[PDB]
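Chains as they are written, first to last, in the UniProt record's numbering: chain A, 36 to 247; chain B, 64 to 103; chain C, 30 to 457; chain D, 29 to 291; chain E, 89 to 175; chain F, 362 to 412.
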Amino acid sequence: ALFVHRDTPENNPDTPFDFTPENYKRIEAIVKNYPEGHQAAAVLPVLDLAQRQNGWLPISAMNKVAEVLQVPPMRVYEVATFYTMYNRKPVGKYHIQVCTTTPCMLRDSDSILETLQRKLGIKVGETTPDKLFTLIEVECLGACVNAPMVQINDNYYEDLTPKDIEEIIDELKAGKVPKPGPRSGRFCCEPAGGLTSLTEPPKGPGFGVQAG
Amino acid sequence: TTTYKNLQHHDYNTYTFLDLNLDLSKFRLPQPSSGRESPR
Amino acid sequence: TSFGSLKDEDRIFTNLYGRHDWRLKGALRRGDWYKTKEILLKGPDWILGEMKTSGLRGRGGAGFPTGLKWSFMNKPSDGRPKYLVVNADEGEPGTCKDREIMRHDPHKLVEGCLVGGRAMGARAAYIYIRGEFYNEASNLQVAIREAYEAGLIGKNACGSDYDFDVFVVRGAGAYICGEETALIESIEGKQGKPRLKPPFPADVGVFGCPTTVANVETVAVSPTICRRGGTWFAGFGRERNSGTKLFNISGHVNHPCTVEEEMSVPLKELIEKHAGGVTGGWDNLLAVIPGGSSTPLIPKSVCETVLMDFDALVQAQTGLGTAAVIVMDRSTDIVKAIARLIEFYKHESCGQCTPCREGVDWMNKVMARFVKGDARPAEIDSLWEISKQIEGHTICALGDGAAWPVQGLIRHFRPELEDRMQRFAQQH
Amino acid sequence: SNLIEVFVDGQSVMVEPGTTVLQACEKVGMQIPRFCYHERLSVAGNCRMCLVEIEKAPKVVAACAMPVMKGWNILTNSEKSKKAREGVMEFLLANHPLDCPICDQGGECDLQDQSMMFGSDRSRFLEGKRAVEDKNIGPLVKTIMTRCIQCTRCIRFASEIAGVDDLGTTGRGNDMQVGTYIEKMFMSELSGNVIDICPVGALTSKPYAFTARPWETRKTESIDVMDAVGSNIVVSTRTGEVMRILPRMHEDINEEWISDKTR
Amino acid sequence: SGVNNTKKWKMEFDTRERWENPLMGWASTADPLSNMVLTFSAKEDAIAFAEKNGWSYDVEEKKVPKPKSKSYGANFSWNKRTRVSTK
Amino acid sequence: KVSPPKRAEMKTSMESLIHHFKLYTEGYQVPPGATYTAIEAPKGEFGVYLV
Ligand SMILES: Cc1cc2nc3c(=O)[nH]c(=O)nc-3n(C[C@H](O)[C@H](O)[C@H](O)COP(=O)(O)O)c2cc1C
Ligand code: SF4
Ligand code: SF4
Ligand code: SF4
Ligand code: FES
Ligand code: FES
Numbered sequence: 036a037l038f039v040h041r042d043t044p045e046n047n048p049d050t051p052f053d054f055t056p057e058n059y060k061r062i063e064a065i066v067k068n069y070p071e072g073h074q075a076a077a078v079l080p081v082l083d084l085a086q087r088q089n090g091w092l093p094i095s096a097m098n099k100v101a102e103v104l105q106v107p108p109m110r111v112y113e114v115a116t117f118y119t120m121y122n123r124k125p126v127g128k129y130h131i132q133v134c135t136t137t138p139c140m141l142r143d144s145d146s147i148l149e150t151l152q153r154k155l156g157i158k159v160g161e162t163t164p165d166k167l168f169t170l171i172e173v174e175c176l177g178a179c180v181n182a183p184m185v186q187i188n189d190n191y192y193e194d195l196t197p198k199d200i201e202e203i204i205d206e207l208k209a210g211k212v213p214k215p216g217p218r219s220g221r222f223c224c225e226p227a228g229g230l231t232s233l234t235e236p237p238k239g240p241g242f243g244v245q246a247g
Numbered sequence: 064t065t066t067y068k069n070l071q072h073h074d075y076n077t078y079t080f081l082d083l084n085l086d087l088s089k090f091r092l093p094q095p096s097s098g099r100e101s102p103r
Numbered sequence: 030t031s032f033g034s035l036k037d038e039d040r041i042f043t044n045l046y047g048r049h050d051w052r053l054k055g056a057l058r059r060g061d062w063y064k065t066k067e068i069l070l071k072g073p074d075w076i077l078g079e080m081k082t083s084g085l086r087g088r089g090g091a092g093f094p095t096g097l098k099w100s101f102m103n104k105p106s107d108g109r110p111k112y113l114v115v116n117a118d119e120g121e122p123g124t125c126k127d128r129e130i131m132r133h134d135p136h137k138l139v140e141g142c143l144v145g146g147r148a149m150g151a152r153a154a155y156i157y158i159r160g161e162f163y164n165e166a167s168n169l170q171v172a173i174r175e176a177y178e179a180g181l182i183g184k185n186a187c188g189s190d191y192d193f194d195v196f197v198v199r200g201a202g203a204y205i206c207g208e209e210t211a212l213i214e215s216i217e218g219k220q221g222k223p224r225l226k227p228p229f230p231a232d233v234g235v236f237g238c239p240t241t242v243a244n245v246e247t248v249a250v251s252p253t254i255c256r257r258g259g260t261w262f263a264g265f266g267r268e269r270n271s272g273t274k275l276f277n278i279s280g281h282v283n284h285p286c287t288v289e290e291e292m293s294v295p296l297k298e299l300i301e302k303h304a305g306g307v308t309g310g311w312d313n314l315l316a317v318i319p320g321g322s323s324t325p326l327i328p329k330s331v332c333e334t335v336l337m338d339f340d341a342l343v344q345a346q347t348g349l350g351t352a353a354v355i356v357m358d359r360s361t362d363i364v365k366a367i368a369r370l371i372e373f374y375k376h377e378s379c380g381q382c383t384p385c386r387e388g389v390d391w392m393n394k395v396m397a398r399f400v401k402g403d404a405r406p407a408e409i410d411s412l413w414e415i416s417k418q419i420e421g422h423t424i425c426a427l428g429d430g431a432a433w434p435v436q437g438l439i440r441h442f443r444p445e446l447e448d449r450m451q452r453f454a455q456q457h
Numbered sequence: 029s030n031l032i033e034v035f036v037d038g039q040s041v042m043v044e045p046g047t048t049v050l051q052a053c054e055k056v057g058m059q060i061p062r063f064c065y066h067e068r069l070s071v072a073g074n075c076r077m078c079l080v081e082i083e084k085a086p087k088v089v090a091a092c093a094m095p096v097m098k099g100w101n102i103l104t105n106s107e108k109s110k111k112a113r114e115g116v117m118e119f120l121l122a123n124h125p126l127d128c129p130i131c132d133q134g135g136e137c138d139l140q141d142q143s144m145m146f147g148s149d150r151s152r153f154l155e156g157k158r159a160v161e162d163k164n165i166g167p168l169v170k171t172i173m174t175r176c177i178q179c180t181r182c183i184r185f186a187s188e189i190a191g192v193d194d195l196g197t198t199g200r201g202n203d204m205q206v207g208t209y210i211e212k213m214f215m216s217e218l219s220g221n222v223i224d225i226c227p228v229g230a231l232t233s234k235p236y237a238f239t240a241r242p243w244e245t246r247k248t249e250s251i252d253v254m255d256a257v258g259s260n261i262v263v264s265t266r267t268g269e270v271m272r273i274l275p276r277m278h279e280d281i282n283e284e285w286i287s288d289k290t291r
Numbered sequence: 089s090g091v092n093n094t095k096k097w098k099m100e101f102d103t104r105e106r107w108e109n110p111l112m113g114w115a116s117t118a119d120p121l122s123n124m125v126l127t128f129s130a131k132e133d134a135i136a137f138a139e140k141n142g143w144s145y146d147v148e149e150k151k152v153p154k155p156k157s158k159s160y161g162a163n164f165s166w167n168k169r170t171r172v173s174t175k
Numbered sequence: 362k363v364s365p366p367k368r369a370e371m372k373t374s375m376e377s378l379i380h381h382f383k384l385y386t387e388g389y390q391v392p393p394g395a396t397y398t399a400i401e402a403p404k405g406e407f408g409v410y411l412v
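Given below as structure tokens:
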């Protein structure tokens, strides 16, 4: 949030972090995904590769990327101060970020914010003493249709009522990832109780070929 | 059919994506070079 | 004419919200990869020939013409390769369309990077995509490996000379990266800071090499628009605004949907026929938006007679961008909503243009004071005046997307604000 | 002969290709305002102050970057080329902290004028400004980055004239803030030239922190010593004393600037 | 970055002692002819003015800046070495 | 630019501060030109050939 470092002990440039050799071998696929020159362009997934080996990209891990790439270290922070997907602070296990833009707000996301806020202690943007949940008020998530919407570090839970959020978190605390997907039965974005467009088996190959 | 056949997107880890491109490098041709190694 | 029905034979993005093997072995069942040989071998100049006759305009925010856009690079060699790019970054609040076409028919997308790649003449296409679309994007690489397994890509476009590959790149959740150019720099591994436009992408782009920054629809339509249209496809929509379109609907509705119709349908039927009518009735429907968010309002006084052409809406003072329709009913705090959009663009913009670092954030504070009503009314035409100081004063058209939601809000709902100026004025 | 007819309120100018509208207008004298641009640093339109209505266009162009094609007539004093500025400077002056008397660069501000010359009288801004943290680069260079204007005229110095790549731009929106993400000292050669470059008095020289004010100077033009380059200098006096060292422009020696030792 | 102080041919004169007034700390002088700016319009006229009063002129010539080629796109080269960072 | 602003207004509104900082250092920046004004004071045609 503050977009600048303060060299704490747990966030100093000598912390324990280093890519396991399984991850080195993942890099050389990505640097052969981009040309010989301009090998400094892999910063987005590569730096994200660390985000998945651990949350809370430390200052040291950012500086490691410069070592594998021999890019200037400052050109690493530029990316990591910019994009919201990354996490630089110590984050929880789940990182339950939520939409609050108009269409999802208009569909009573505040209640999804209240019921979620009402039952965890985290107001908006801080941790639990268990270090599991780190609620965030984020803005859009693409699935603006299935209107209430959250995210669990890659997943998508949608069309969820204030009642259904309770159904979720009672599982995550001592269970599993409970079926990322919509509720109310609509498959992905069906018209919620009766489908109207396809209604037929589509045409097979070579239908309507224009004499090629 | 009235059954959701995209079911195979729930049991993906966080590494599942990039693990695929680990395979793809064998199915792929080689790439250009700008002459330089980098802008140095 | 009185179009708008679209007998389902002409569904072009079939398996839109469906099932039955989105994976390979079932996209072929729907019509895919069929005559890609001679679709590819016949020639590029033929393809750009047909797509112009198709009347296929842009499907992002500008509605720019294709063919033109792609024929900007049918050039001869210059020394370095030709790439292709796709805005898999949905972005806007309402565009879930490309959270859907990615799965449920990935192969159609893959065609256009291949077909359109040679129709310009390319070497390899990159799909940047929103860094939240993990499982979404995961559906691609499954489809794309199997392409290589099928000998469809890699040294042989279905057994041809045009070597090609479909690499995918993952973003990190930034709406400006959905833009035409910062996209390129994000893909380049930098901040999503755009460029200026004497260096068009077609003369210089990614890796300093020329590009065609397409969007998802414009390419996933390419296979089954070039083997099945060019003149037929033009018959749909209207003259300039010809084709189909993956509309999308959200907000104050019975059943919000992702429907696609014969393009330019009248607005009323999209809420009546499909995606069942607004809650309550039609003393409701207070202030629809046609587009996603970068388009202005419409106060229901025209929403009867709306015709969803790109250009007929310019009489309506909107410009159909992503066509992610939003609807709003009577019982709402509308100025809270439209102000959220400027709370949206505040958290979002790259922060490079001067009149977007502190035009957007400047409007954010003002509208936020209008929701409480403790302002005064003389701002209401000042705030207009600054909205005009950002139209043609910014690199990217976000300013055009950050100004129009306001100007439309003001073109009609001036007096709704005037009330709150009085309501507080009673409160000392 | 590799020359293009170009018009500036009727002038019949001829210019090489790949030239901006500035390098044309600069011939005559229609000197355009500038915050993102320097005559020697890379081009980057971030300020968006050099706007102008090219004739027969609904849209204006950032003259810093837009090259010049045949038949183009400019209107520098149009209504639309001043509305494009009275707005801009009226944007910059909404997060700027009113510190001119505090500011080291009183008469040496390239913003105070360009708010007078082309900015309006009144700042209708009435909401509330922002703030930014102050940095600890080193003893040469003070930092007031509450008034940094995100111009990128510094960070493109290190990356193209001194080869350091440390003074990145951190963040987005108004919340963006230039400076290192970390606590590092930019004590290398030519680090002092960044003071002459930042037109704002955001960063400036700690020794000449507040010792004087520029109109008070009696400027004498003289030559560097202490390295065998013999570059040129502007010396700043005050009542028979010395307060600053400043450079002149000779196109062969250094180019425009000096090294921190002799500064 | 402003350059209107050019276009002219100021003819200031050399400097001499500026001692410190021992009472106040003030600075004081003997030469009244020290703060003697004079704006001219062409160098060919300046020497004619100073020779007309016999003063040993010492000219410095103009320093015109070159016309430089600055192509925005070349910041974004494939081949070349000007590939900037941070946009 | 031709008058100093309200002292309470130079103290919050930025632009009014800058002008206050340049009015009272640099000033108006008149155009070139010339006049011969006049006014009948008690003496008579008091006037100025300001240039
Ligand atoms: C702020 C901003 C954000 C944009 N975001 C997207 C986006 O997320 N996805 C997209 O396809 N286009 C986006 N655009 C519009 C793109 O320029 C457009 O999609 C692209 O040019 C494709 O043009 P086409 O329709 O001819 O293919 C955005 C434009 C602006 C100004
Ligand atoms: S308008 Fe805003 S988001 Fe677009 S380039 Fe300028 S600063 Fe960045
Ligand atoms: S940079 Fe300094 S002198 Fe210039 S306007 Fe800001 S505070 Fe005043
Ligand atoms: S410190 Fe000065 S030169 Fe650097 S970005 Fe800020 S205003 Fe521009
Ligand atoms: S507006 Fe809520 S997910 Fe997009
Ligand atoms: S002065 Fe030209 S865009 Fe900044």
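Think of the CB as a built atom: it goes at the ideal place given N, C-alpha and C, for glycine as much as any other residue.
Does any residue of chain E bring its CB to less than 7 Å from the CB of residue i?
i: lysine 222 of chain C; result: yes
i: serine 97 of chain B; result: yes
i: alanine 93 of chain D; result: yes
Suppose the cutoff is 7 Å on Cβ atoms and the five residues either side in sequence are ignored; what does the same chain contact list for residue i look like?
i: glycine 150 of chain C; result: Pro73, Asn103, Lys111
i: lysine 289 of chain D; result: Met254
i: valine 96 of chain D; result: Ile32, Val34, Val43, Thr47, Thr48, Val49, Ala52
i: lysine 55 of chain D; result: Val41
Mind checking if residue i is an interface residue toward chain D, Cβ cutoff 7 Å exclusive?
i: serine 364 of chain F; result: no
i: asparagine 163 of chain E; result: yes
Could you check if residue i is buried or exposed, using at least 16 other CB atoms within 10 Å of its CB as the buried criterion?
i: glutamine 178 of chain D; result: buried
Quick check: the Cα distance between residue i and residue j, rounded to an integer number of angstroms?
i: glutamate 289 of chain C; j: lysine 362 of chain F; result: 59 Å
i: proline 45 of chain D; j: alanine 162 of chain E; result: 14 Å
i: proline 153 of chain E; j: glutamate 279 of chain D; result: 6 Å
i: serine 148 of chain D; j: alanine 112 of chain D; result: 11 Å
i: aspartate 338 of chain C; j: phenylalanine 265 of chain C; result: 12 Å
Cβ of residue i less than 7 Å from any chain B Cβ?
i: residue 464 of chain C; result: There is no way to answer for residue 464 of chain C, as the model of chain C reaches only from 30 to 457.
i: residue 177 of chain E; result: Nothing in the structure corresponds to residue 177 of chain E, since chain E is present only between 89 and 175.
With a CB to CB cut of under 6 Å and the five nearest residues on each side skipped, what residues in its chain are close to residue i?
i: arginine 200 of chain D; result: none
i: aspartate 162 of chain D; result: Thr171
**Prompt:** If you measure beta-carbon to beta-carbon, which residues of the segment 95-113 of chain A are closer than 9 Å to chain E?
**Reply:** Those residues of the segment 95-113 of chain A placed with their C-beta closer than 9 Å to a C-beta in chain E are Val106, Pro107, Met109, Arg110, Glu113, ordered along the chain.
Going along the chain, which residues of the segment 139-161 of chain E sit with their C-beta nearer than 7 Å to a C-beta in chain C?
-> Listed by position along the chain: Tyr160, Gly161.
**Asked** Listed from N- to C-terminal order along the chain, which residues in the segment 71-97 of chain B have their beta-carbon within a distance smaller than 7 Å of any beta-carbon of chain A?
**Response** Within the segment 71-97 of chain B, the residues whose Cβ lies closer than 7 Å to some Cβ of chain A are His73, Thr77, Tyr78, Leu81, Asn84, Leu85, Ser88, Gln94, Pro95, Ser96, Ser97, listed in chain order.
- Task: Return the residues of the segment 115-127 of chain A that lie within a Cβ-Cβ distance of less than 8 Å from chain C, sorted by chain order.
- Result: So the list reads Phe117, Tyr118, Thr119, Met120, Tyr121, given in the order they occur along the chain.
_Against chain B, which members of the segment 154-169 of chain A pass a CB distance test of less than 9 Å?_
Residues of the segment 154-169 of chain A that bring their beta carbon within less than 9 Å of a beta carbon in chain B are absent altogether.
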